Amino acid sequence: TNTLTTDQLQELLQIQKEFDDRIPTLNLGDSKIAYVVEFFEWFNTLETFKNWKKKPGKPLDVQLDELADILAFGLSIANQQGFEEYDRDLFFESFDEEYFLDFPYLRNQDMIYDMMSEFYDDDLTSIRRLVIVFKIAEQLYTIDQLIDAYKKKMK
């Protein structure tokens, strides 16, 4: 129904934790950088700046597979910083409140400047990274489509 429950979120955090447990070299600095790199890879699949293309936008399954990479690093960063009940409650409060990240904006190629703006601020929260990826799923795709692409990626 295009909603995210705390149960779903905790399940996703558990799947990432099990994946990341197999990486003894895991570190927050690298994971935060990968999130930004994967964001740009996803943004590139939208092709909203590619005026030279007749039919802009990669296939939906390709856009979703790239969105799922962002989700993976967002979940990982949240696990690595610690993501407990306190953090979930903040996430859902922010997520329900958030109205800036809607369909037309995300379609506007200029949004990438607002994202970079957030990404080089060292104080960006694990909450914010997850709000962004789920809002993109909720407004441009569905949450279920993203969760499906993520689970496929992880198995």
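The first residue of the shown sequence is 1; numbering continues from there.
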Exercise for the section: Tell me which of 34 to 42 and 96 to 104 has the higher mean C-alpha B-factor in the deposited entry. Expected result: 96 to 104
Exercise for the section: Using the B-factors recorded in the PDB entry, average over the C-alpha atoms of 6 to 14 and of 138 to 146, then report which stretch comes out higher. Expected result: 6 to 14
Problem - Among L124, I70, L90, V62 - the residue whose C-alpha B-factor is largest in the record - result: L124
Practice task
Classify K53 as lowest, middle or highest third according to the C-alpha B-factor given in the PDB entry, relative to its own chain.
Solution key: highest
Exercise for the section: Please place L130 in the lowest, middle or highest third of its chain by C-alpha B factor as given in the entry. Expected result: lowest
